[PDB]
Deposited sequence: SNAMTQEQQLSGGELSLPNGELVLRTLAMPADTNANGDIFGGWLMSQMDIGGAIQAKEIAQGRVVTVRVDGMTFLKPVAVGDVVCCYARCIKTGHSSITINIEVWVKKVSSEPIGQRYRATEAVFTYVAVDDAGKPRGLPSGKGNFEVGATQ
């Protein structure tokens, strides 16, 4: 019941976002996080942004299909161009209603205008 930051994305793990095994593909997790961080940055940049680096990504617990994947983003650095955002991914519900932290990572964004600088 207690995630840090603001919930930016809350979706359902579709079976299309899997691997050969059937598991939720981590790649795809990383895509979900890139999107959510770009969201908070776009709130911050007051516009369109562009990602340049990602540090310290950790995949804590696996994700299954049919679980709700909640993304919680919280900004970290009062940087001029280096919009740094801390992103974690929590999964819900096998006993239904089970919350656990599934990803920890530190995203670094850079605000780009119609001409990024």
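Gaps in the model relative to the deposited sequence occur at 1 to 15, 109 to 111, 136 to 152, listed in sequence order.
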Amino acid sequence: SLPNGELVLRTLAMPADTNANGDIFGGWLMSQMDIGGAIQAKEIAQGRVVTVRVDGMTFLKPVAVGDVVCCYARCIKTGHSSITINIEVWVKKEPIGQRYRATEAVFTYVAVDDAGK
From here on, numbers count along this sequence of modelled residues.
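The PDB entry reports B-factors from which the mean C-alpha value can be compared for 6 to 14 and 95 to 103; the larger average falls on 95 to 103.
When the two stretches 48 to 56 and 24 to 32 are set side by side, the higher mean Cα temperature factor goes to 48 to 56.
For the set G37, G66, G79, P62, the PDB entry puts the maximum C-alpha B factor at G79. Looking at the C-alpha B-factors along this chain, the one for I87 belongs to the middle third.
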